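Let's start with one chain on its own, the form deposited in one PDB entry, as structure tokens.
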């Protein structure tokens, strides 16, 4: 029987942010069973904590309702906050299929409030399917070039000219299903403060509340297209329209041709805790 905790990632009060279910002592579970348990929980992702194989503190497998991912931001954030309660450490190294991800935990009197990660440095290229994507989304143009970024999963970015225009999107989900192994991230804002919405049939979600692996790439995207400075911290607020406001903090250091660090951080809180029968 496995214990789990529900963490609300990128939130400072339960019922805000993006839930993840974090399953402990999962070494006895076959990957097909992990996928079934993820399907059962029906959250954007469930994670499984396994003994480390390469010098980290643990190995984390990450599942959507429909597939496994090699890296993801919100689920690893919540996993790191949940696992922080197990030890006194303020540095935590979590293994994933993209490599070992370093975390710094914000603790008060030993109690975990928040965490910060160094993400894999993404690569990118032009999407090459603009007219198809924009038709699906129900709009005419992107404010900036439409590019697709890879850090494990893939994330496409489409810019909107106002927050009201972002909120008014009603995408064709069936048409977005033609975009395999990627999530579609639509953004609007100014300066240090940005809003986002994410849609991904490929990753089993109509609309996601907090796409943490997209936050670091967005910071890169905004700097490459001259809207912010490299090294400038940004706030990205996602999930407002669906009633799940989630605050992600991101900073990309270096320059377009040579990035040195892609940091994403947030608060997280425990919503609940329990046990499953298998």
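Residue numbers count along the first chain shown, from 1. Throughout, rigid core stands for the largest set of C-alpha atoms superposing within 1.5 Å between the two forms.
For the two regions 259 to 267 and 10 to 18, the entry's Cα B-factors average higher over 259 to 267. As listed in the deposited structure, the average C-alpha B-factor of 106 to 114 and of 156 to 164 is greater for 106 to 114. When the C-alpha B-factors of 239, 31, 226, 212 are read from the PDB record, the largest value belongs to 31.
For the set 198, 176, 77, 190, the PDB entry assigns the largest Cα B-factor to 176. Sort the chain's modelled residues by C-alpha temperature factor and residue 148 lands in the middle third, per the entry.
Annotation for residue 216: C-alpha temperature factor in the lowest third relative to the rest of the modelled chain, per the entry. When all modelled residues of the chain are sorted by CA temperature factor, residue 185 is found within the lowest third. Placement of the Cα temperature factor of residue 277 within the chain: middle third of the modelled residues, per the deposited record. The entry lists a Cα temperature factor for residue 64 that places it in the lowest third of the chain's modelled residues.
There is also a form deposited in another entry; it is not shown, and the following applies to it.
Comparing the forms between the shown form and the other one, the C-alpha position of residue 235 differs by less than 2 angstroms, with the core used for superposition. In the core-superposed comparison between the shown form and the other one, the C-alpha atom of residue 161 has shifted by less than 2 angstroms.
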